[PDB]
Amino acid sequence: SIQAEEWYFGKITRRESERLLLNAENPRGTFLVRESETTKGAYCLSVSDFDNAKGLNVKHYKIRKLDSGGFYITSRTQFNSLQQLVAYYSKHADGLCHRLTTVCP
Ligand SMILES: O=P(O)(O)Oc1cccc2c1NCCC2
């Protein structure tokens, strides 16, 4: 159950996810997973980033779920579960702003 994962924040808004992540103590890749505000059946992975251009900022990626039972951000790289998707992105940045590092405090 995705609801038992400490990185799953359930039904919080995008603005609230930004408030939690825009903390100067958060290193790049600090993240959380929440329900999408407008897309029924999709989740959003919210991730903190940092560069000298923008400083501290937050990106949101849509995690799609297939009825066949697969989870993915890009259809070319799918996973059997949200847990496996999170594990994969903690090691590969691929197209994300940064690899996932720490669960949002
Ligand atoms: O849940 P939100 O606020 O991040 O709003 C969205 C609704 C649906 C999809 C997405 C949202 N924000 C941009 C990225 C994808």
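Engineer: Would you mind going over the site of the ligand with me for this structure?
Structural biologist: In the vicinity of the ligand, the residues found are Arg14, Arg34, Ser36, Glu37, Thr38, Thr39, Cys44 and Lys62. Side-chain polar atom of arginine 14 to a nitrogen atom of the ligand: 2.4 Å apart, as the coordinates give it. Within the complex, the protein chains bury 76% of what would otherwise be the 360 Å² of accessible surface of the ligand. Classifying every residue of the shell around the ligand gives one nonpolar, three polar and four charged.

Engineer: Explain the nonpolar core to me, please; I cannot follow it from the model alone.
Structural biologist: Nonpolar side chains tend to gather and get buried jointly when the protein is soluble and globular. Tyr43, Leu45, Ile63, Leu82 and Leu100 are the most contacted members of the largest nonpolar core, which has 20 residues in total. Mapped by element, the contributors of at least two residues to this core are β1 (31–35), β2 (43–51), β3 (55–65) and α2 (82–89). Those residues within four positions of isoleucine 63 in sequence are excluded, and the remaining contacts are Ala42, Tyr43, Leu45, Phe71, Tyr72, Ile73, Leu82 and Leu85. Of all hydrophobic cores here, the second largest spans six residues; its members include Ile12, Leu20, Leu21 and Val58.

Criteria and cut-off values
- Residues numbered from 1 in each chain as written, not as in the entry; some residues may be left out.
- Heavy atoms only, no water.
- Near = heavy atom within 4 Å.
- Polar contact = N/O pair within 3.5 Å; in protein donor to acceptor, adjacent residues only side chain to side chain.
- Areas by Shrake-Rupley, 256 points an atom, 1.4 Å probe, with all protein chains shown as cover.
- Nonpolar A, V, L, I, M, F, W, Y, C, P; charged D, E, K, R; others polar.
- Core = buried A, V, L, I, M, F, W, Y, C linked by side-chain atoms within 4.5 Å.
- Buried < 20%, exposed > 50% of the residue type's maximum accessible area, 1.4 Å probe, protein only.
- Helix = DSSP H or I, 4+ residues; strand = E, 2+ residues; numbered from the N terminus.
- Contact = heavy atoms within 4.5 Å.

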